[PDB]
Amino acid sequence: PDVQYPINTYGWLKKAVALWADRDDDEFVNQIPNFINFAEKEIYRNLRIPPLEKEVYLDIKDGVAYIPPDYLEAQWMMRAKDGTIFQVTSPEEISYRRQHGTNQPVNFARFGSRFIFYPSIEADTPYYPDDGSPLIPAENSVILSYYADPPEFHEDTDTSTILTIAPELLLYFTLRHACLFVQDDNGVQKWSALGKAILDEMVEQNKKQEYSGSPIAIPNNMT
Amino acid sequence: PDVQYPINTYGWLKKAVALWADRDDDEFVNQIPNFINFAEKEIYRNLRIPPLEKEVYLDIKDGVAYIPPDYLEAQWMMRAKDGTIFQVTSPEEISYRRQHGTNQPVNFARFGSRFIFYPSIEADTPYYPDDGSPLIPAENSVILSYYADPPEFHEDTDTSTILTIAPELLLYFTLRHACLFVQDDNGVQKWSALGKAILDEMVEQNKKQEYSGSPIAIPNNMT
Amino acid sequence: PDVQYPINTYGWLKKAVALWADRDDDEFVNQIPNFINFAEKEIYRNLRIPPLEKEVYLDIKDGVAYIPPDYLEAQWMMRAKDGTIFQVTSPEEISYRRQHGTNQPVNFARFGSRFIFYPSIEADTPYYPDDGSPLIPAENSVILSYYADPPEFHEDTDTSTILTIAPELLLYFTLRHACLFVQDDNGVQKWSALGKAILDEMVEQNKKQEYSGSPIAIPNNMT
Amino acid sequence: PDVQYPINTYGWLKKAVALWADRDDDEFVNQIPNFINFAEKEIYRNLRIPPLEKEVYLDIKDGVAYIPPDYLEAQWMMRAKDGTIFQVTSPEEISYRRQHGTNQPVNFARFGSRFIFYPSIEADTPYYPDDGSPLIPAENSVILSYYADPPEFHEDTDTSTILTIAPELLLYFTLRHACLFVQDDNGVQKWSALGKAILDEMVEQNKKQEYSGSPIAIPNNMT
Amino acid sequence: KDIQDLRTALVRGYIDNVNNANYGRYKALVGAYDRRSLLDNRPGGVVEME
Amino acid sequence: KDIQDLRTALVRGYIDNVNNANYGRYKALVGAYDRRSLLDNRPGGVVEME
Amino acid sequence: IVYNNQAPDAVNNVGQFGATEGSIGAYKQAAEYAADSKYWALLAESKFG
Amino acid sequence: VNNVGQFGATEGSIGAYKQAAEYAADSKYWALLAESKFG
Amino acid sequence: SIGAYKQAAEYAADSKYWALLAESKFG
Amino acid sequence: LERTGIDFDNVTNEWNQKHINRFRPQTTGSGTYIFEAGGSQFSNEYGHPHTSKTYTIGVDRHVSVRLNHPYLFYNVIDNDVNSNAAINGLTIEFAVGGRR
């Protein structure tokens, strides 16, 4: 096969992979997609960065506020009102807060598929989103910043930022499972090492991007 | 054989194993369900992740409860109202409280296949059907959260959350025992090392999750 | 031979073993049962978990209360009355208790096949159990929680929880003695390692199940 | 093929790779743009040097700002007048200042794809064209300095500062993946070891630069 | 007024450390916890670990 | 005038160090973290790690 | 600076929490009927008014 | 396209949709007002 | 008053069933 | 062209599984060969084919086949009309698995 200089996406990548493993037979190609579904997962299982982050409003309603399907991990959480940050704790503490009602430091916790907040908050969303209402961002309610499970590819012309930015990664990491389907293990080691060494670059990029501007270790607030 | 790209059912996985373990013969394919059963039992023996959790209402008669047959490991349990997270103690400690005890916290322990409670709690199951549009919870009930063993497939088109999330997890682990039937000793380590790599990949996705919101200290003081 | 997807039990397992060691000749099969009797024993000698535990009432009668045949190890021990836990000690102490009669912390010890209790307790059972009496659980007497020697298989359609839950274990561990009958030691090492790595999963499952709910290290009771 | 001495354009580099990787065939030359794309993305993922920096004017509406799409890592940002270097803090700290705050320093944080500012700054972009001989800065504006991702070549005669400074840098790094397509494993290490040697050579040229003038201590005391 | 605030806040920051260390917490690894033995409320050793 | 300035600054520097130290921090990654168990506020803890 | 004109072009086939391959069918049928019920709920409010 | 600038691009997630339980929660809030209007 | 998170498919079954009966009697 | 039951006994023992990856022929001339592959778990049966490929000289230098039966067989078929191609020899790239 052949490809274009940039590999925008699947429609070409699933071929370039066959290429980089020169012997592209059918028993092998038709599982290309599977190798890929493996690799992206092996990645996203632990990769965390902005581009997949999300803004979103919530509906607390009795503090049963439910967790979205797409959720993986939360970075921060707050209100659109006066910018109040929540913080997180365990049930074993929030329950005490309940048995000791008197609330400014808002806490919350993870009860199965549920989020609890100590004070009976009432942020809100509309009913199912037929919508017909921006509603000042749903009454400027809490807003969440969380990493979300990206969609598995399902189409050749389908795409993702990753390919705009860092496709060789996917290539190597799927070659990994491709060189496992058929026993060429030295190639495996090489693919894998390179995937990891490509990857850690990204997280370090992000780390060096985070906390820039020389902040003090912690502005000690008295109040 | 041939398999689809979105491997999601036990039926396709059974043929996918015969594809990656490329051999297809009566001496091998007929035992594949046993290999999958071996792989899942090994994985579920120690894996603890939220999607396999379960909510349940108890039937406390007099400070006692019978452990559900599907119970594996216990986590937080609380009252349906006002919270009051329960805590576990030893039989040698709860018995001390009974004889000397003639707002208080709640402690519980395990007597073989039974639960016990010091304050002699009485809880009841939901009132259940009739017209059966809702399932109305009853007052003075308790809610328990525990890890339950997922049912064995025992059926082709049956599916599980593991296949949806990490299909390669069971695929590599069942290749371990597949390479145990025929002594592909080199294959044993490669599937296992990849298998634990995927298996261990589960946990840091989870511990980075329960403490993701805002890592702080312990704001629980007695006052 | 051939088998079913789940291996419920002996009647099939004793064949699946022959299978996984492809060369199934008669000099070998007829000892299958023996290999198995070896493996289950090598297990139970040190395995401890709930599913084999037991509730049982006792008859102290002068504190000569005798040990049941089926006994292996005790987890706890108490009354059905007011839930009083006993604890265990040596003769060298209980004897003192005798020479210093004045008893609330009940102690007991192991004199050969006998259990002693310092106070001359009198829990009771009926004479030999022709029974004809539930008798409010034999007058709600002490009750014991102890691990018991499970029965050696003696029948094809015979079964045990293990196979419902974790058969591959037995399979590997008996292959161990099977690969010792006839000298293929590399296979031995592999079988054995896998048996152990399967096993420890179980005990860790149990450990993570025990003491759940975040109990305090020890509620310090003053009294 | 033949290449010039002053390698400065993507077009000549594409043929130079086919010269050092002396093989020239359709299976290799057509994928060379992918290899270069892999090499540059790996290098730019963690490399931070002044020539790829950029100045930018922000559009602070009300204590908020949207992160530029090309942003990778943030460094010093200041006011166009009087200086006032800004410093970075945590969301859990800036939120504390908002509620209790009802000459002062300036703190900022990151909310996913947005910047925030405690003092509710308002800044505007330059007034821009018309006759458009100058680009007049506007009062109450701020200036930000950040590392931006250089654009992908996607064109033959296109050039980049990396080619001008260290053409051998990308040349060796693209030979890494070139030796990954065909498993010149010995070639992989030699290009990589040289590649990191050139890559690491960048940084001590830079840290010896920012502190070159007169290495002293910290003459910043609060008074 | 100022001395009261500083003295009170000093004791408040003091007492929160008072109760935290007073509530003696023991942390071990997942292995070798021996929950049945450790949770005994009697501080007299009859159950032990090497 | 000078005395009040120095004594104010010195006491101010004294206070924040005290306020930071008195209400203490701890350190542990997710590995062996035990987030559920550690949040217990009882000084007599019943659970730790190994 | 940016426009929120992008739309989801892929299929929700993966995800570590919530929706799964064995349950995305329930999510799809629930979402489509929720909009239909809400759409006829607004019409119900319009005619009731 | 770019050498240093990385802030000029971003890849979207799989999909920003709520759970069926969130759909269940919204089902009640739209169902709870029903008997209020029915009353 | 916080609800637990059981299987999403079961909640979807409760979601549509109650919605179907509510909207049908609504008609 | 066909040869049944290649046990590779000159390099390894008969009963072990042999991960097959590539066949590397040294062809001559121009043509379009069709290569098939298969195997059986026992040495007596004629095995079941697993895959097939078309070999074009000047575009493909060798073929990919995935097998690990101990007894491999391959089929070479030339049905093309304007082909005067020829093969000097082959080179089987393969690995070693295990046995029971």
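The letters A, B, C, D, E, F, G, H, I and J name the chains in turn, as written, and every chain counts its residues from 1.
We adopt the following convention: a contact is a pair of C-beta atoms (placed from the backbone, for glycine too) under 8 Å apart; a residue touches a chain by one contact, two chains touch by 3 or more.
Enquirer: Common contacts of subunit B and subunit E?
Expert: C, F
Enquirer: Which pair wins on C-beta contacts, B-G or G-H?
Expert: Answer by contact count: G-H.
Enquirer: Counting only C-alpha atoms to place each centre, which chain is farthest from subunit C?
Expert: D
Enquirer: As a quick test, compute the distance in whole Å between the mean CA positions of subunit F and subunit I.
Expert: Comparing mean C-alpha positions, subunit I is 47 Å from subunit F.
Enquirer: Can you check how far apart subunit D and subunit I are, centre to centre, with Cα atoms defining each centre and the answer in Å?
Expert: Spacing between the chain centres: roughly 51 Å.
Enquirer: Averaging only over C-alpha atoms, locate the centres of subunit E and subunit H and give their separation in whole Å.
Expert: Using C-alpha averages as centres, the distance is 43 Å.
Enquirer: Which subunit E residues sit where two or more other chains touch them?
Expert: In subunit E, the residues touching two or more other chains are 16, 19-20, 23-26, 30-31, 33, 35-36, 38-41.
Enquirer: For subunit I, give me the residues that contact two or more of the other chains.
Expert: Correct list: 1, 4-6, 8-9, 12, 15, 18-19, 26.
Enquirer: What parts of subunit A, by residue number, touch at least two of the other chains?
Expert: Expected reply: 37, 41, 45, 50, 54, 64, 66-70, 72, 75-76, 85, 87, 89, 92-93, 96, 111-113, 127-128, 149-152, 165, 181, 183, 205.
Enquirer: Applying the document's contact rule, which stretches of subunit B touch subunit I when the two form their complex?
Expert: So the residues of subunit B touching subunit I come out as 50, 53-55, 81, 133-134, 143, 145.
Enquirer: Quick one: in the complex, what on subunit B touches subunit A?
Expert: Subunit B residues touching subunit A: 2-3, 5-7, 19-20, 50, 53, 55, 76, 78, 82-85, 87, 103, 145, 165-168, 187, 190, 194, 198, 201-202, 204-205, 208-216, 218-220, 223.
Enquirer: What residues on subunit F touch subunit C, complex-wise?
Expert: 36-37, 39-40, 42, 44-48
Enquirer: If we count contacts the way the header does, which residues on subunit I are in touch with subunit A in the complex?
Expert: Listed in rising order, the residues are 1-6, 8.
Enquirer: Could you list, by residue number, the parts of subunit A that touch subunit F in their complex?
Expert: 89-90, 92-93, 96, 220, 222
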